[PDB]
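Colleague: Just dropping this structure here.
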8 protein chains.
Amino acid sequence: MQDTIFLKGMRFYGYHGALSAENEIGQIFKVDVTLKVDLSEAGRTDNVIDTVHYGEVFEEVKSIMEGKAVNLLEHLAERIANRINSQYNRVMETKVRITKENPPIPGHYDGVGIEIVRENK
Amino acid sequence: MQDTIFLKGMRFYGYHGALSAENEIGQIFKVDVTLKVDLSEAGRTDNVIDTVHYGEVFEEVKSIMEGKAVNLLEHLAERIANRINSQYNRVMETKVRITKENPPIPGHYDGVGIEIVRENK
Amino acid sequence: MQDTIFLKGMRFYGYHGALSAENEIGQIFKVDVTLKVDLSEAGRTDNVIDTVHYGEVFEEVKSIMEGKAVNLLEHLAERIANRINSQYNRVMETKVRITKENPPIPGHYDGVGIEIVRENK
Amino acid sequence: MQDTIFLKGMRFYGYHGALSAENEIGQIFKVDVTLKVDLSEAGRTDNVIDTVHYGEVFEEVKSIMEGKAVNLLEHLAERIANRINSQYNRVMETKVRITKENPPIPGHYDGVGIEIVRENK
Amino acid sequence: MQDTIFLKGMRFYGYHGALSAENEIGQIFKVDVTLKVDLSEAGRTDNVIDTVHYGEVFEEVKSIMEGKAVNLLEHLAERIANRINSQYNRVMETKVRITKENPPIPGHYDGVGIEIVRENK
Amino acid sequence: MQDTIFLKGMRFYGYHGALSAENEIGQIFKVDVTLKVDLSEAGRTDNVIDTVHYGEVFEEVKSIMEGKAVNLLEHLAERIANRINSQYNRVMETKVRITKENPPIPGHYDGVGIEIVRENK
Amino acid sequence: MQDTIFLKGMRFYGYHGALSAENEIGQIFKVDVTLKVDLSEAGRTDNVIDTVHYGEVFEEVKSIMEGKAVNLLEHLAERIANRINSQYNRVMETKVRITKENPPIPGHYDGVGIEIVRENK
Amino acid sequence: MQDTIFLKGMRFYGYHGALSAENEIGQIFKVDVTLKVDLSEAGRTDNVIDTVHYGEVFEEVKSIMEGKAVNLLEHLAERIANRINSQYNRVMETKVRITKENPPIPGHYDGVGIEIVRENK
Ligand SMILES: Nc1nc(O)c2nn(-c3cccc(C(=O)O)c3)nc2n1
Ligand SMILES: Nc1nc(O)c2nn(-c3cccc(C(=O)O)c3)nc2n1
Ligand SMILES: Nc1nc(O)c2nn(-c3cccc(C(=O)O)c3)nc2n1
Ligand SMILES: Nc1nc(O)c2nn(-c3cccc(C(=O)O)c3)nc2n1
Ligand SMILES: Nc1nc(O)c2nn(-c3cccc(C(=O)O)c3)nc2n1
Ligand SMILES: Nc1nc(O)c2nn(-c3cccc(C(=O)O)c3)nc2n1
Ligand SMILES: Nc1nc(O)c2nn(-c3cccc(C(=O)O)c3)nc2n1
Ligand SMILES: Nc1nc(O)c2nn(-c3cccc(C(=O)O)c3)nc2n1
């Protein structure tokens, strides 16, 4: 089953980061969420109730990304994957990628971050 | 067999969407279609009749994307994959990705959508 | 005097638009604000009080762009230019460009909008 | 008066070109239309009737770009500028830029074309 | 073994295409070549003779892409893969992707093409 | 008169540069050529003979850019502007911009170069 | 005289900013430097000594951008323009644009900054 | 286990290359480093000590990329992968991609390079 639902390049201004200064100033966090979901039924029916509403997923991500500031992106992706797997039984597995495009790292690069894949139990 | 034929970033202005307002105003839909097809024979012959004409595939996609407005992208990708698998025996499997780059979702993101892979029976 | 202060590609999700459907669903609005300001004194002093804080300008723009929904972009740029010229005597003239990258217009284009230049009296 | 209304990156698939082959195969034409229009009244009123509807301009451009095939881009921009100046008294001057991003020219480049500015008499 | 050598976005102006008009006018062809090659020895030695010179591969591709005009991209990728596998024993397998970014297809899209993977025997 | 004919992002692989090493290895040169030409007549007639053929201009540029290696971009733009003004009486003035996107300068930047504007006498 | 020498998108990682946190963490600063210089002589001669070496200008910019941390971009552009006008008599005027693509401003935007133009006395 | 830590588009100006001229002039090298690391613990704890600090990895890469000039990219990726696997037991495997976007190859392309994947023993 290779069907997926996806939300790309979601950006939120937040205050997460292990450094005090980072928590103070804040920065933009880029998030990509890919959900493994069997889409044939919805493909047949055309009924929104046979799939996972992308609008509701974005809201879950947002609440976590624009909420209390944590230290790691690992913690942020872990709470997102957990929150999506929990509320949707149709999601067989959740992949969350978080990118810090402008971290306190003295150099020239496009971005830094992590990516986790969590199966829904 | 890893051979493929592909059509990338196909854009159509349509009126699909579960929301009334969406059906009224319309929006741009981005479509990516990848076909698993053994290309060696055509590679040997150089005869167009030994492969799948990308121009004809785009027309099939277009007719579905610029046609009657449905509610889901799942339904739109399902009719496309079904239409391509049906008319071409050479297509062993069809992958359709549809992106709503500007959905009625209050936020900052690059796009939202779905992707399905359908084997030709 | 060719000195300027600028804020580029500011994006806000709003509900402005002459169409009911637009007010209902909303869309992303891109804003570019260029201010004619003599920057030599601040260039000499390095004192933030000798110039116009970009952070405060963005807040003014934001309040107008994410506030009550109006019909025209002309009205939106007119309230922004007026609000910036009013609070900053150092701004000799204000230029506001607003882009609707995804308007209810059935077609393929990069964006549509307006640009106004308002001298501070 | 530096106020303008603009439509950027409008793309149409057409068959214009001095070469037979070009008229046969067709190609994508990129169009940028900038209109000099005093936007203060609409800025004050917020009444759509005090400005020029971008949606109607795009339709005029479209009809010309997706219509009968001519030889030059100069002829295409000349009919567009003439058509916009003619129907809108509020347009003090019209600028039309047309780009052939993929012309029958053996080389590596981003695009080729012309740009005309026509005052409304 | 996941080591590779790659040449991305190689562009050539050519006259391949099943349509007469295409052979007459020509167009830009984009090529991506990925070679599976064990790179540890060269990684240890730092001796150019322990790997495959990207400069020589580009020349092989070029000669095929800017040479006699054929009908299919399948034929073009097949001659490239065959030419690289043949001259380099170190290449365990060759992947060739060819894109027609501007084909005689009336529509809006990023590109069309094919991709083949050929193991070196 | 604000009419122009333009050729953007023309790229050529050359060996110009004041450094020996540069003449040896070569690099990509980006060229932008803008011609001031009254386009109304061609706009009226639709006759290619009433304007300046972009295809012929690109050839002139090419011959200069892919020809003998000189030291400066100033010399390269000067020979191009001179060559275009000379062969076309319709060109009232020629603007040539040349960019070295990858010069032997140890740093991070998008490009370096020059731009000249030459009136046709 | 419309001749210019330019250095675009120069990026440096620095610690300038009116906020303590900014001085602590640092960020990327984008710089664009345009010099008004008569390029005809160098265009005629092809002698590097008849123009301004872009490599030397980048070094001046770099030393200022990667040096002691100041509060304003105005101060940074003022020292750059002053340093270039001072060492080169051939530079009739210097334009310096500095962009903070990731400032401590809670929002979604492409960048913020200033631009100054300084004539060489 | 599909968890990863990544550093994308890291750019360094260096003097590696099999050609004398290349060692003399230097060029920009683009590096992408992907690390397979189990991120659940850090995801649970939010403790930086339960993961691999991206800032420290960038420093290791930098020291190798901006250090002594070698002939191959294979040698450069091999020393990076080896250096990261060596200092971090948490890294189960390291993938290093190096791109020469502007090599001494007479042609039009986006880039050339290699990619290696090295398991940590
Ligand atoms: N522009 C903008 N919009 C929002 O909705 C924001 N929410 N936060 C925000 C507030 C408090 C904490 C965080 C956080 O990421 O921890 C984010 N910054 C914003 N900026
Ligand atoms: N510009 C443009 N071109 C076309 O070919 C279009 N077809 N539709 C269209 C018409 C009716 C229904 C749909 C739909 O997607 O349901 C699309 N909008 C277009 N715009
Ligand atoms: N994501 C996001 N963030 C904000 O700060 C928003 N503000 N509005 C908003 C709310 C009410 C009216 C408007 C408007 O533009 O008229 C905008 N939508 C948002 N989405
Ligand atoms: N995809 C697409 N959509 C349209 O609305 C088109 N109109 N034409 C078209 C038809 C006849 C003549 C021309 C022309 O440009 O001369 C264009 N090609 C299209 N493709
Ligand atoms: N600009 C440019 N440079 C080259 O090296 C070219 N080679 N061909 C070319 C010539 C003959 C046949 C083909 C072909 O692709 O069949 C290509 N067009 C070029 N343009
Ligand atoms: N790929 C490619 N195509 C061409 O037409 C080229 N011409 N030159 C070339 C040859 C001799 C001198 C110069 C020069 O720029 O001085 C350029 N390199 C090329 N590469
Ligand atoms: N990667 C990198 N390279 C350099 O040359 C740097 N110079 N500085 C630097 C050091 C001290 C002060 C500043 C400053 O901008 O004030 C910058 N950070 C760098 N990072
Ligand atoms: N701008 C810039 N910044 C640095 O930190 C650099 N380090 N090197 C450098 C110096 C010596 C050898 C190499 C090399 O790559 O072999 C690189 N060039 C730089 N440019």
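Letters A, B, ... go to the chains of the structure tokens in the order shown; residues in each chain start at 1; ligands are counted from 1 in the same order.
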Could you report the residues within 6 Å of ligand 1, using only C-alpha atoms and all ligand atoms, as a list in words?
Modeller: residues 13, 14, 15, 16, 65, 66, 67, 68 and 69 of chain A; 106 and 107 of chain G
Colleague: Please determine the contact residues of chain C with respect to chain G at a cut-off of 6 Å, counting only C-alpha atoms, and supply them as a list in words.
Modeller: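 So the residues of chain C near chain G are residues 3, 4, 5, 6, 7, 8, 9, 10, 11, 42, 43, 46 and 55 of chain C.
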Colleague: Write out chain F, as a short mmCIF file (atom, residue, chain, number, x, y, z; two decimals) with N, CA and C atoms, in the first residue's frame, after superposing it onto chain A by least squares using every C-alpha atom paired in order.
Modeller:
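File written: out_16.cif
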```
data_model
loop_
_atom_site.label_atom_id
_atom_site.label_comp_id
_atom_site.auth_asym_id
_atom_site.auth_seq_id
_atom_site.Cartn_x
_atom_site.Cartn_y
_atom_site.Cartn_z
N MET F 1 0.85 -1.24 0.00
CA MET F 1 0.00 0.00 0.00
C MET F 1 0.87 1.27 0.00
N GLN F 2 0.90 1.98 -1.12
CA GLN F 2 1.73 3.18 -1.22
C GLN F 2 0.98 4.51 -1.22
N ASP F 3 -0.29 4.47 -0.81
CA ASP F 3 -1.10 5.68 -0.77
C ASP F 3 -0.67 6.58 0.39
N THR F 4 -0.70 7.89 0.16
CA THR F 4 -0.34 8.87 1.18
C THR F 4 -1.15 10.16 1.07
N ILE F 5 -1.17 10.88 2.18
CA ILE F 5 -1.81 12.18 2.29
C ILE F 5 -0.62 13.01 2.76
N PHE F 6 -0.45 14.20 2.21
CA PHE F 6 0.70 15.00 2.61
C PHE F 6 0.46 16.51 2.74
N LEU F 7 1.23 17.12 3.63
CA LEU F 7 1.20 18.56 3.90
C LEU F 7 2.65 18.99 3.79
N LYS F 8 2.99 19.77 2.77
CA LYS F 8 4.36 20.20 2.56
C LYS F 8 4.70 21.66 2.87
N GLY F 9 5.94 21.87 3.31
CA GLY F 9 6.43 23.19 3.60
C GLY F 9 5.62 24.05 4.55
N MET F 10 5.02 23.42 5.56
CA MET F 10 4.25 24.18 6.54
C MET F 10 5.26 24.98 7.36
N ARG F 11 5.03 26.29 7.51
CA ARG F 11 5.96 27.13 8.25
C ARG F 11 5.31 27.83 9.42
N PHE F 12 6.01 27.80 10.54
CA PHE F 12 5.51 28.38 11.77
C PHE F 12 6.62 29.17 12.43
N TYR F 13 6.29 30.29 13.05
CA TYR F 13 7.32 31.04 13.74
C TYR F 13 7.27 30.58 15.19
N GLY F 14 8.36 29.99 15.66
CA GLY F 14 8.41 29.48 17.03
C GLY F 14 9.61 29.84 17.88
N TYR F 15 9.63 29.34 19.12
CA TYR F 15 10.71 29.62 20.07
C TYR F 15 11.39 28.39 20.65
N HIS F 16 11.37 27.29 19.91
CA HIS F 16 12.02 26.07 20.36
C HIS F 16 13.51 26.19 20.04
N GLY F 17 14.32 25.49 20.83
CA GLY F 17 15.76 25.51 20.66
C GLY F 17 16.44 25.33 22.01
N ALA F 18 17.53 24.58 22.02
CA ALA F 18 18.28 24.30 23.24
C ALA F 18 19.01 25.52 23.82
N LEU F 19 19.17 26.55 22.99
CA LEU F 19 19.85 27.78 23.38
C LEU F 19 18.85 28.84 23.89
N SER F 20 19.20 29.52 24.99
CA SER F 20 18.38 30.57 25.61
C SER F 20 17.99 31.62 24.59
N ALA F 21 19.01 32.13 23.90
CA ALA F 21 18.85 33.14 22.87
C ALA F 21 17.79 32.75 21.83
N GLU F 22 17.79 31.49 21.42
CA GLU F 22 16.83 30.95 20.46
C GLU F 22 15.40 31.03 21.01
N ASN F 23 15.23 30.70 22.28
CA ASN F 23 13.92 30.74 22.91
C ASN F 23 13.43 32.18 23.01
N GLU F 24 14.38 33.10 23.11
CA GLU F 24 14.09 34.52 23.22
C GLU F 24 13.64 35.15 21.89
N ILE F 25 14.47 35.00 20.85
CA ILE F 25 14.22 35.56 19.51
C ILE F 25 13.22 34.77 18.63
N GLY F 26 13.34 33.44 18.64
CA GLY F 26 12.46 32.61 17.85
C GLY F 26 12.97 32.48 16.44
N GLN F 27 12.35 31.62 15.65
CA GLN F 27 12.75 31.42 14.26
C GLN F 27 11.68 30.65 13.52
N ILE F 28 11.82 30.58 12.20
CA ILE F 28 10.87 29.85 11.39
C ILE F 28 11.25 28.36 11.34
N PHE F 29 10.23 27.53 11.51
CA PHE F 29 10.36 26.08 11.49
C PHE F 29 9.54 25.60 10.30
N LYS F 30 10.15 24.75 9.47
CA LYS F 30 9.49 24.20 8.29
C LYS F 30 9.09 22.77 8.61
N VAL F 31 7.84 22.41 8.32
CA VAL F 31 7.38 21.06 8.61
C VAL F 31 6.69 20.37 7.42
N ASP F 32 7.06 19.11 7.23
CA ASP F 32 6.52 18.26 6.17
C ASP F 32 5.92 17.02 6.85
N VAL F 33 4.63 16.78 6.63
CA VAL F 33 3.95 15.64 7.23
C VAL F 33 3.34 14.73 6.17
N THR F 34 3.80 13.49 6.14
CA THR F 34 3.30 12.51 5.19
C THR F 34 2.60 11.36 5.93
N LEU F 35 1.35 11.11 5.57
CA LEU F 35 0.55 10.06 6.20
C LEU F 35 0.24 8.87 5.27
N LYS F 36 0.54 7.66 5.73
CA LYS F 36 0.25 6.46 4.95
C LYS F 36 -1.22 6.13 5.21
N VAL F 37 -2.06 6.29 4.20
CA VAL F 37 -3.48 6.01 4.37
C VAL F 37 -4.02 5.38 3.11
N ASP F 38 -4.82 4.34 3.27
CA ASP F 38 -5.40 3.67 2.12
C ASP F 38 -6.48 4.58 1.58
N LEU F 39 -6.27 5.10 0.37
CA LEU F 39 -7.20 6.04 -0.23
C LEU F 39 -8.22 5.53 -1.25
N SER F 40 -8.25 4.22 -1.47
CA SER F 40 -9.19 3.65 -2.45
C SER F 40 -10.67 3.88 -2.15
N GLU F 41 -11.10 3.64 -0.92
CA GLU F 41 -12.49 3.84 -0.56
C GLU F 41 -12.92 5.28 -0.89
N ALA F 42 -12.18 6.27 -0.39
CA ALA F 42 -12.51 7.66 -0.68
C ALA F 42 -12.43 7.89 -2.19
N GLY F 43 -11.52 7.17 -2.85
CA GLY F 43 -11.38 7.31 -4.29
C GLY F 43 -12.61 6.83 -5.02
N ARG F 44 -13.26 5.83 -4.43
CA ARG F 44 -14.47 5.26 -5.00
C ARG F 44 -15.67 6.13 -4.64
N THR F 45 -15.84 6.38 -3.35
CA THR F 45 -16.96 7.16 -2.84
C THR F 45 -17.00 8.65 -3.14
N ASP F 46 -15.86 9.33 -3.01
CA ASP F 46 -15.78 10.78 -3.21
C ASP F 46 -16.41 11.43 -1.96
N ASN F 47 -16.49 10.64 -0.89
CA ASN F 47 -17.06 11.09 0.38
C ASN F 47 -15.91 11.46 1.32
N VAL F 48 -15.90 12.73 1.73
CA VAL F 48 -14.86 13.25 2.60
C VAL F 48 -14.69 12.45 3.89
N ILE F 49 -15.76 11.77 4.30
CA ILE F 49 -15.73 10.98 5.53
C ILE F 49 -14.97 9.65 5.40
N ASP F 50 -14.45 9.37 4.20
CA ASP F 50 -13.72 8.14 3.95
C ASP F 50 -12.22 8.40 3.87
N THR F 51 -11.80 9.56 4.36
CA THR F 51 -10.40 9.93 4.31
C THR F 51 -10.04 10.85 5.45
N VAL F 52 -8.79 11.33 5.46
CA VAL F 52 -8.32 12.22 6.51
C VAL F 52 -8.20 13.64 5.98
N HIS F 53 -9.02 14.53 6.55
CA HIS F 53 -9.06 15.95 6.26
C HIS F 53 -7.72 16.63 6.58
N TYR F 54 -7.05 17.07 5.48
CA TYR F 54 -5.74 17.76 5.58
C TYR F 54 -5.90 19.02 6.47
N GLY F 55 -7.02 19.72 6.37
CA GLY F 55 -7.21 20.91 7.18
C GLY F 55 -7.11 20.67 8.70
N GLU F 56 -7.60 19.52 9.16
CA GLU F 56 -7.56 19.17 10.57
C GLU F 56 -6.16 18.78 11.01
N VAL F 57 -5.38 18.21 10.10
CA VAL F 57 -4.01 17.79 10.42
C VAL F 57 -3.10 19.00 10.60
N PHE F 58 -3.30 19.99 9.73
CA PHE F 58 -2.53 21.22 9.77
C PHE F 58 -2.75 21.92 11.11
N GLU F 59 -3.99 21.88 11.60
CA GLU F 59 -4.35 22.49 12.88
C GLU F 59 -3.62 21.80 14.05
N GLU F 60 -3.49 20.48 13.98
CA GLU F 60 -2.81 19.71 15.02
C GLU F 60 -1.33 20.08 15.03
N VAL F 61 -0.75 20.13 13.83
CA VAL F 61 0.65 20.49 13.67
C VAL F 61 0.87 21.89 14.24
N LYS F 62 0.06 22.83 13.77
CA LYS F 62 0.12 24.23 14.20
C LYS F 62 0.12 24.42 15.71
N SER F 63 -0.84 23.77 16.37
CA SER F 63 -0.98 23.86 17.83
C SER F 63 0.30 23.42 18.54
N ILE F 64 0.99 22.44 17.95
CA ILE F 64 2.23 21.93 18.53
C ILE F 64 3.42 22.81 18.19
N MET F 65 3.47 23.28 16.94
CA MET F 65 4.57 24.13 16.48
C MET F 65 4.51 25.57 17.02
N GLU F 66 3.31 26.13 17.17
CA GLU F 66 3.18 27.49 17.71
C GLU F 66 2.86 27.49 19.21
N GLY F 67 3.04 26.35 19.87
CA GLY F 67 2.77 26.23 21.30
C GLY F 67 4.03 26.34 22.15
N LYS F 68 3.94 25.92 23.41
CA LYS F 68 5.09 25.98 24.33
C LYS F 68 6.42 25.59 23.67
N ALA F 69 7.47 26.33 23.98
CA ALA F 69 8.79 26.08 23.40
C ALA F 69 9.56 24.98 24.10
N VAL F 70 9.99 24.00 23.31
CA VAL F 70 10.74 22.86 23.79
C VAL F 70 12.19 22.98 23.30
N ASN F 71 13.04 22.03 23.67
CA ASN F 71 14.44 22.11 23.24
C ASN F 71 14.74 21.45 21.90
N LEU F 72 14.16 20.29 21.66
CA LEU F 72 14.47 19.57 20.44
C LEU F 72 13.38 19.49 19.39
N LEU F 73 13.81 19.27 18.16
CA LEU F 73 12.90 19.11 17.03
C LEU F 73 12.38 17.68 17.14
N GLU F 74 13.18 16.82 17.76
CA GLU F 74 12.85 15.40 17.96
C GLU F 74 11.62 15.29 18.83
N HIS F 75 11.55 16.18 19.81
CA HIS F 75 10.44 16.23 20.75
C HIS F 75 9.21 16.78 20.06
N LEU F 76 9.43 17.72 19.16
CA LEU F 76 8.36 18.35 18.41
C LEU F 76 7.75 17.42 17.37
N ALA F 77 8.59 16.64 16.70
CA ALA F 77 8.10 15.69 15.69
C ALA F 77 7.43 14.51 16.39
N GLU F 78 7.96 14.12 17.55
CA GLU F 78 7.43 13.00 18.34
C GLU F 78 6.01 13.27 18.86
N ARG F 79 5.72 14.52 19.24
CA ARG F 79 4.40 14.92 19.74
C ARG F 79 3.38 15.08 18.61
N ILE F 80 3.88 15.41 17.42
CA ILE F 80 3.05 15.58 16.24
C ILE F 80 2.63 14.20 15.72
N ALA F 81 3.61 13.33 15.51
CA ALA F 81 3.35 11.98 15.02
C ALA F 81 2.40 11.28 15.99
N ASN F 82 2.67 11.42 17.28
CA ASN F 82 1.83 10.82 18.32
C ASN F 82 0.41 11.37 18.31
N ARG F 83 0.27 12.67 18.07
CA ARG F 83 -1.03 13.32 18.05
C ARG F 83 -1.88 12.94 16.83
N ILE F 84 -1.22 12.67 15.70
CA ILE F 84 -1.92 12.30 14.47
C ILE F 84 -2.29 10.82 14.45
N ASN F 85 -1.39 9.98 14.94
CA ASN F 85 -1.64 8.55 14.97
C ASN F 85 -2.80 8.26 15.93
N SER F 86 -2.83 9.02 17.02
CA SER F 86 -3.83 8.91 18.08
C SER F 86 -5.27 9.24 17.70
N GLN F 87 -5.43 10.30 16.92
CA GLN F 87 -6.75 10.76 16.52
C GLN F 87 -7.27 10.16 15.23
N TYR F 88 -6.39 9.55 14.45
CA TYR F 88 -6.84 8.95 13.21
C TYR F 88 -6.37 7.49 13.10
N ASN F 89 -7.36 6.59 13.10
CA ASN F 89 -7.11 5.16 13.00
C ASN F 89 -6.77 4.82 11.57
N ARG F 90 -7.21 5.66 10.64
CA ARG F 90 -6.95 5.44 9.21
C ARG F 90 -5.48 5.65 8.81
N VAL F 91 -4.74 6.37 9.65
CA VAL F 91 -3.33 6.66 9.42
C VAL F 91 -2.54 5.44 9.89
N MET F 92 -1.99 4.66 8.96
CA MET F 92 -1.24 3.45 9.33
C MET F 92 0.15 3.76 9.85
N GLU F 93 0.66 4.93 9.46
CA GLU F 93 1.99 5.38 9.85
C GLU F 93 2.19 6.86 9.53
N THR F 94 2.89 7.57 10.41
CA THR F 94 3.14 9.01 10.21
C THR F 94 4.62 9.39 10.14
N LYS F 95 4.96 10.16 9.11
CA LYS F 95 6.31 10.66 8.88
C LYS F 95 6.34 12.18 9.06
N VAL F 96 7.19 12.64 9.97
CA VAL F 96 7.32 14.07 10.24
C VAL F 96 8.74 14.57 10.06
N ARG F 97 8.89 15.55 9.19
CA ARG F 97 10.19 16.15 8.93
C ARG F 97 10.16 17.61 9.40
N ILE F 98 11.14 18.00 10.19
CA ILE F 98 11.20 19.36 10.67
C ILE F 98 12.53 19.96 10.32
N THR F 99 12.48 21.14 9.73
CA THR F 99 13.68 21.83 9.30
C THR F 99 13.88 23.20 9.92
N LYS F 100 15.10 23.43 10.39
CA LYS F 100 15.49 24.71 10.95
C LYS F 100 16.30 25.30 9.79
N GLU F 101 15.70 26.21 9.04
CA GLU F 101 16.39 26.80 7.91
C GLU F 101 17.38 27.86 8.33
N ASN F 102 17.23 28.38 9.55
CA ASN F 102 18.11 29.42 10.06
C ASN F 102 18.52 29.23 11.50
N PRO F 103 19.26 28.16 11.77
CA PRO F 103 19.72 27.87 13.13
C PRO F 103 20.96 28.68 13.55
N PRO F 104 21.23 28.73 14.87
CA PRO F 104 22.40 29.49 15.33
C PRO F 104 23.71 28.82 14.96
N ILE F 105 23.84 28.38 13.70
CA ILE F 105 25.06 27.73 13.23
C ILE F 105 25.80 28.60 12.21
N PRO F 106 26.96 29.15 12.59
CA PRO F 106 27.81 30.01 11.74
C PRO F 106 28.28 29.35 10.47
N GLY F 107 27.48 29.48 9.42
CA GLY F 107 27.84 28.89 8.16
C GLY F 107 26.82 29.13 7.07
N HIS F 108 27.11 28.55 5.92
CA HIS F 108 26.28 28.67 4.74
C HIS F 108 25.68 27.30 4.41
N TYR F 109 24.36 27.21 4.51
CA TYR F 109 23.63 25.97 4.27
C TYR F 109 22.17 26.27 4.02
N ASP F 110 21.47 25.29 3.48
CA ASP F 110 20.06 25.45 3.18
C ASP F 110 19.17 25.17 4.39
N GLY F 111 19.59 24.24 5.24
CA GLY F 111 18.80 23.91 6.42
C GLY F 111 19.33 22.74 7.22
N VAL F 112 18.83 22.62 8.45
CA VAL F 112 19.21 21.52 9.33
C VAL F 112 17.98 20.98 10.04
N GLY F 113 17.99 19.68 10.33
CA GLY F 113 16.85 19.12 11.01
C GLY F 113 16.84 17.62 11.19
N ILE F 114 15.63 17.11 11.38
CA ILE F 114 15.39 15.69 11.61
C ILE F 114 14.13 15.17 10.91
N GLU F 115 14.03 13.85 10.80
CA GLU F 115 12.85 13.23 10.21
C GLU F 115 12.57 11.93 10.94
N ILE F 116 11.33 11.74 11.35
CA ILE F 116 10.94 10.53 12.05
C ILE F 116 9.75 9.89 11.35
N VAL F 117 9.66 8.57 11.45
CA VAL F 117 8.57 7.82 10.86
C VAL F 117 8.02 7.01 12.04
N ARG F 118 6.73 7.15 12.32
CA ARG F 118 6.10 6.44 13.43
C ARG F 118 4.87 5.66 13.01
N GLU F 119 4.90 4.34 13.19
CA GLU F 119 3.74 3.53 12.83
C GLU F 119 2.65 3.71 13.89
N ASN F 120 1.38 3.73 13.46
CA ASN F 120 0.23 3.90 14.36
C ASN F 120 -0.14 2.54 14.94
N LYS F 121 -0.04 2.40 16.26
CA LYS F 121 -0.36 1.12 16.93
C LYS F 121 -1.82 1.00 17.38
#
```
Colleague: List every residue of chain A that DSSP, applied to the backbone of this structure, assigns to strand (DSSP E or B), and report them as an MDAnalysis selection string.
Modeller: chainID A and resid 4:14 27:36 93:100 111:119
